[PDB]
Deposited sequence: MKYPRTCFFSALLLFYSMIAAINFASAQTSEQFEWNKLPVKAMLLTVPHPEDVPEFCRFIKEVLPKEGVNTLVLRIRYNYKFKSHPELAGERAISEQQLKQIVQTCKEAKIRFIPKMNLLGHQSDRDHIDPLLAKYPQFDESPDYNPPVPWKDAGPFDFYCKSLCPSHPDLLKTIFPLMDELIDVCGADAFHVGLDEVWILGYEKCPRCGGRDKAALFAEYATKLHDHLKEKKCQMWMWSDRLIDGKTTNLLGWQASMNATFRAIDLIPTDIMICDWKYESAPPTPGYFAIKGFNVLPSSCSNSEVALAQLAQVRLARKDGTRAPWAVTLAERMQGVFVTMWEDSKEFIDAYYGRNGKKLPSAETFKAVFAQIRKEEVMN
């Protein structure tokens, strides 16, 4: 009965629309998506929400309960389980723009003398939070728990991607501690909380792979010794191993380690089938006998990810103006092959 052939998750990431794209945006969730076979939508919300908890953290072009709830509804209308996502350690700036929290609470900064280049050019990348400070879980559990509740979520994706500034030497609190521990420890507190709200935590993979010994490098995987953390965190967080370059052995790794894991992909689609072959290859294995269903059972599915605007994207899926974006088109063949995998059966 181990339906290896039936991919249980098939997730898509979309950014939260601007306020003036939400209905059309709600139409694709409704239209393209369920017929493509999207049954799991991760909305990259960040601070672009009118929070009641703390209204000041309202990202610039941010959206209201109405709007969110209306985006959710239309996902439930579609049997698409919805996942809020917000980046909760680094990516706490973006180029020279300082995402809301560190702007109005600049103390939760981990490097307050190491700031993005104005103008903007191993080189400075993003701020992170300071995961030790005592005035942050007080501030950040709110933002989270507001969305869980508006959305009605059973899972919440924290980001946990590309964290460069961590154990930065001058932080009076973090400066000098294992970098694999302060990362494993923050992750548990964001696991421990989300789990009281009966959610399944999701994270990105990179901080848990060795780009040195792997040489995968310092964006797709850790170049500052974050990687031991992979043994000191709970084994029921959902693991978003993203590779936008290649079809590498990293999925199995996490399986072996006690985790359900979703290869996460982007624009380039060569790589996407590669890594569609791979889950289908590996889920098969669970047939050879009983005991190796564990290892198969944990290759939950795949996760298609984009990063630009959902509008610029949605008017390119279709084909508006001669519109063209590989990620938009990577959705294709992929959720195309998906279908055709589990047709001829």
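- Stretches of the deposited sequence left without coordinates are 1 to 31, 153 to 156, in sequence order.
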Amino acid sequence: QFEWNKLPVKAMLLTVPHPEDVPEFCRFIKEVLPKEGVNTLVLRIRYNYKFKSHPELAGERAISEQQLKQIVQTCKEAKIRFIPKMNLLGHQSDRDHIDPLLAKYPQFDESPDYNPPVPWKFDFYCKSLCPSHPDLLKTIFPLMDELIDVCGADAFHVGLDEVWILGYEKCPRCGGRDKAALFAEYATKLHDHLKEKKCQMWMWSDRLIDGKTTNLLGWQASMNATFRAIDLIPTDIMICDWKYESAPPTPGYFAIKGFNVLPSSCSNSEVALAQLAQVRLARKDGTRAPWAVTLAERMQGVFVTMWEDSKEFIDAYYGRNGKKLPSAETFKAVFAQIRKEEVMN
From here on, numbers count along this sequence of modelled residues.
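- Looking at mean Cα B-factors across 68 to 76 and 195 to 203, the upper value is held by 68 to 76.
- The PDB entry reports B-factors from which the mean C-alpha value can be compared for 157 to 165 and 124 to 132; the larger average falls on 124 to 132.
- By the numbers in the PDB entry, the CA B factor is greatest at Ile63 among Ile63, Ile45, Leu41, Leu295.
- The PDB entry assigns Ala247 a C-alpha temperature factor belonging to the middle third of its chain's modelled residues.
- Placement of the Cα temperature factor of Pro172 within the chain: lowest third of the modelled residues, per the deposited record.
- Compared with the other modelled residues of the chain, the Cα B-factor recorded for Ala181 ranks in the lowest third.
- Split the chain's modelled residues into thirds by C-alpha temperature factor. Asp99 is in the highest one.
- In the PDB entry, a CA B factor belonging to the highest third of its chain's modelled residues is recorded for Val118.
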